[PDB]
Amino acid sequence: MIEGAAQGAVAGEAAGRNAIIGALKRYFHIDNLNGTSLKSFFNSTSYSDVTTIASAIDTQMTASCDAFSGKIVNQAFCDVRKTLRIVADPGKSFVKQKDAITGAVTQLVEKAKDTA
């Protein structure tokens, strides 16, 4: 009785973490965030905390898709800048990366909970 409410509660938390992790992996083609695995990343921060995840993804994108670093192992992650119209297009106004990431993460968390 008491320990099935326990296994039930962690089964639900696992399915939520799994939903957001799959969504971030499939959309950003990333397996790690902020120096740790996405499963390890979601032990400390909430599964629907759009602001924290978007800021961490922004910081990682600026750090791993730069002109200085040389060879970028993960091109697909940087390629997301083209999806979010973040790459410079002559004649048009600036699109901030953090804001586009925030909108994307918003859709992804809504989609994961929509699974729920």
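Note that residue numbering follows the sequence shown and begins at 1.
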property: Mean temperature factor over C-alpha atoms, higher-scoring stretch between 56 to 64 and 41 to 49; result: 41 to 49
property: Among modelled residues of the same chain, the CA temperature factor third for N18; result: highest
property: CA B-factor placement of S69, once the chain's modelled residues are sorted into thirds; result: middle
property: Relative C-alpha B-factor of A11, binned into the chain's lowest, middle or highest third; result: highest
